[PDB]
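This text opens with one protein chain seen in two forms, each one given by itself as structure tokens under the names structure 1 and structure 2.
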Structure 1
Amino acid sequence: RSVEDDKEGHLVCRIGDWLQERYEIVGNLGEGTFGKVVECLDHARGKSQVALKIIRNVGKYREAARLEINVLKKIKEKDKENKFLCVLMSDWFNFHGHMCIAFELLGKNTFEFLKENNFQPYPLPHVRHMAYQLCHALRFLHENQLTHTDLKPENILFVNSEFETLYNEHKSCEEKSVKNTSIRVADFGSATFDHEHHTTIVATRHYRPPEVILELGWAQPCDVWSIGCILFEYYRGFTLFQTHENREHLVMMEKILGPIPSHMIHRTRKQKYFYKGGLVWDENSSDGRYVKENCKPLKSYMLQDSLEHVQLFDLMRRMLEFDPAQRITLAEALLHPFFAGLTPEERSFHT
């Protein structure tokens, strides 16, 4: 058996193949621009289930996965008992140029689940539990001088994504409801410690905070903004900022959240976004008309009036504060009355 790569550097993988004289491939899980995710049995560890992330054999991806491995090591040192809901590695190796990182086997990521539910949103109790877990996991990294920088639904995975199929009460359709809402945070390859180099731009655009857009520098509050975005997405089933471009995104922020504080406008070197101290944009352009038609004040997106919905929206708005210094921290978020709704099993992490 020659090892074969396709034209983009992906490993050609077959069921039955072994790697490191140990990992037997038994299924497919995923593929992205990074490589593939395959399900293996680990024959050195009693045929335990493994998700093996196999990185393209392309220098820059190999360099990034090396950075990811080094981060994952540091994270494990700080959480040896694996209590803080992070997806840590059990092993790593260079398989003929392909970096491979072995992880626990999980269910569907939270985007894929929403998508296979035809974008019907998670119910509030699931959203609440998921919020709590995310605040917990990330508070732990924040207190250990780490920022994730790339939180998004697809990097958050259910431990088990099995679901009940129910008839939607108020629509003429079926709905998939996850049976257990325990989640884990993955993909630490861009995670950055306080003392390490901070690139000008971080985050996937839809989850990217205004301080990064305005090139004001960033730290842990970046993750809080992303969390606010993710929670909106879970609750409504569509993205908060369905945007492709900076000026448009800022306009959306203004329409949904209110004016950008003038102290941030005064400090940014990105003055091309502003004119007479206000955002400058073409209301008659395609993006202009799109934003004017579609972006409404945040509170308008509430599905019900009841206390738990109001509390969710209070918390999201605090996570979506423009000023990163004023934005809610996750330690504070975990004291929010929204979380009074959690069952004792959810609150004590016995799910």
Structure 2
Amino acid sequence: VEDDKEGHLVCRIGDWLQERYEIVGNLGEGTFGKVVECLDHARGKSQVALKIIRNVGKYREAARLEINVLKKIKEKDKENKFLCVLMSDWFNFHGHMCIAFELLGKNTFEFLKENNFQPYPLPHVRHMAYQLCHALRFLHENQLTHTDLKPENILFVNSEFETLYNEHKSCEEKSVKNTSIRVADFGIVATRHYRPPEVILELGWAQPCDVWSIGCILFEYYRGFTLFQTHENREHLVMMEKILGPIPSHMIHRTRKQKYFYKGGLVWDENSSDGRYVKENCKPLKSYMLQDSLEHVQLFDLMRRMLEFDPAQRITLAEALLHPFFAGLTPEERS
């Protein structure tokens, strides 16, 4: 046991925790501390993720809050059946709160990056979407809101793939063998590209925030690239307007950030570097359909309804789980 003045724990591959956890790898780091891989010698050689949070205090406090959140998700989920990440253990170790999870596979972003940003096929989209909706419905019902939904926070149970590619000129694609996912959270709300306009405009958010993000995420699974490829609010709102249509007067009246607008409209210099990028790449949403086909149109219908500007007219996760799009699930996918 040795601590540095930043507080954090100095651990080495081969160190043991709770006489059952043998560190074998490294999986992450962040504000709060490390995230290592162990084999659980108690539960018999099997593999876990272990977020370590040492001293600091706010860290320890927030770790407790996380554990509680995850405790409550288990209690409220009997059969594991709501597709959130599952805490298998937690403990206290010379001040360092630790939280063990079953080790899942690559997240939906990584997998996409490993596939050279070749989009997932429409059935995978459909299945992943169904589970994201189910999962966040369950969370919303228990007065919980993710707020930082994004592809990196969706993990595949198993990210093994069957590489398969013929005929297509440069066919070289990986289909993941099993599209089951789990929702995690690594820990202005949201990440830029998944952030909804009410957060951008500082109008307060609630559950409808998660739906907007889901909307954004589905698009990315479907095209391989992000729907809003930008890093600044004004551009982002302009992009919203050209992809989706105008912004309700009512949301412009309530913005205290009265800098992006002028006389009811977004200030926007159509002929700049930013101007040209938007002009030569942002087209109306429907135009990004890859095929002229019912299930693709169903998907864009759910997507448009998920990306309503007004959080109050935006579809709920309950209403989406009943959207025709989800007719095409295999019966097995249905659970």
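Residue indices: 1-based, along structure 1. Here, rigid core means the biggest group of C-alpha atoms that superpose within 1.5 Å across both forms.
No residue of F95, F274, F111, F163 other than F95 has its CA displaced by 2 Å or more between the two structures when the core is superposed.
Core-superposed comparison between the two structures: the C-alpha position of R45 differs by no less than 2 Å. In a rigid-core overlay of the protein, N82 has its C-alpha displaced by at least 2 Å between the two structures. With the core held fixed between the two structures, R66 has its Cα displaced by at least 2 Å. Structural comparison between the two structures after rigid-core fitting shows the C-alpha of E8 displaced 8.4 Å. For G32, the Cα deviation between the two structures after core superposition amounts to 5.6 Å.
The two forms line up on their rigid core, and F339 then has its Cα shifted by 0.2 Å between the two structures.
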